[PDB]
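Participant: Sending over a structure as structure tokens; questions will come in a sec.
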Amino acid sequence: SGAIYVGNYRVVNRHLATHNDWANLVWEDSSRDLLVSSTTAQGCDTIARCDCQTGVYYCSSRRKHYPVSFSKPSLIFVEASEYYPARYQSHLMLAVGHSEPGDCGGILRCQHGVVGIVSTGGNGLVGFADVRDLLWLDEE
Ligand SMILES: CNC(=O)[C@@H](c1cccc(C)c1)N1C[C@@H](C(N)=O)CC1=O
Ligand SMILES: [Zn+2]
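Plus 6 on top of the position in the sequence shown (first one is 1) and you've got the deposited numbering.
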């Protein structure tokens, strides 16, 4: 589990969104595994606006932050899970690192701010849904 809290927005994995998220919906995209809802209080996270390929992510199944090198956002085939059939997920970045399904939501960050959240993994890989192209998260 986990979210990004930027401005009056809450960014979560679409497959983990709550009823309150759907009832206060700003934007969602199944192909990216992302959903954004509105919040009453202002958050403290800032979004990175960069092309970093190194950063650090939080892994809840280890209670640890790990440094990682990650690929550029791309269209990657992801195997079937209880949340989606096997399909292509867009704007996804892969790295070598530990992950388990409940690690989704952990933040990946670089020197500039939040880059994205854990969305996929297994077999010593972890995939992150990028948010750096969502420029509207910085306004409203
Ligand atoms: C092949 N299955 C997975 O990659 C697991 C998973 C497996 C291990 C670790 C993590 C973080 C997620 N996914 C991917 C998610 C998605 N975005 O489609 C839904 C899900 O359950
Ligand atoms: Zn950066």
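Here a beta-carbon is modelled for each residue, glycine too, at the ideal position from N, C-alpha and C.
Run through DSSP, which three-state label would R20 get?
Facilitator: Reduced to three states, the DSSP call for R20 is helix.
Participant: For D136, does the three-state DSSP call read helix, strand or coil?
Facilitator: strand
Participant: With DSSP run on the structure shown, which of helix, strand or coil describes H25?
Facilitator: helix
Participant: Does the distance from the C-beta atom of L131 to that of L100 stay below 7 Å?
Facilitator: yes
Participant: Candidates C58, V62, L31, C110: which alpha carbon is nearest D139's?
Facilitator: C58
Participant: Tell me, to the nearest whole angstrom, how far the beta carbon of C56 is from that of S105; I am working on the premise that it is less than 8 Å.
Facilitator: Contact doesn't hold; Cβ gap of about 23 Å is too wide.
Participant: Assuming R69 is part of the beta strand (DSSP E), what are its boundary residues?
Facilitator: First-last for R69: undefined, no H or E at that position.
Participant: Could you check whether the Cβ of residue 154 sits closer than 6 Å to any heavy atom belonging to ligand 1?
Facilitator: One cannot answer for residue 154 here, as it falls past the ends of the chain, which runs 7 to 146.
Participant: According to DSSP, is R115 helix, strand or coil?
Facilitator: Look at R115 here: in three-state DSSP terms it is strand.
Participant: Is the beta carbon of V124 sitting closer than 7 Å to the one on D109?
Facilitator: Result yes, Cβ atoms of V124 and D109 sit closer than 7 Å.
Participant: Measure the C-alpha to C-alpha separation of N30 and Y15 and round it to an integer number of angstroms.
Facilitator: Straight-line measurement puts the Cα of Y15 at about 10 Å from the Cα of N30.
Participant: So, at 7 Å on beta carbons, what are the nonlocal neighbours of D136 in its own chain, with the 5 sequence-adjacent residues on each side left out?
Facilitator: Within the same chain, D136 has close Cβ partners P79, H97, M99, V121, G122.
Participant: Please list, in chain order, all residues of the same chain as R93 whose beta carbon is under 6 Å from its beta carbon, the five residues on each side excluded.
Facilitator: none
Participant: Is the beta carbon of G111 closer than 7 Å to that of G13?
Facilitator: Contact: no.
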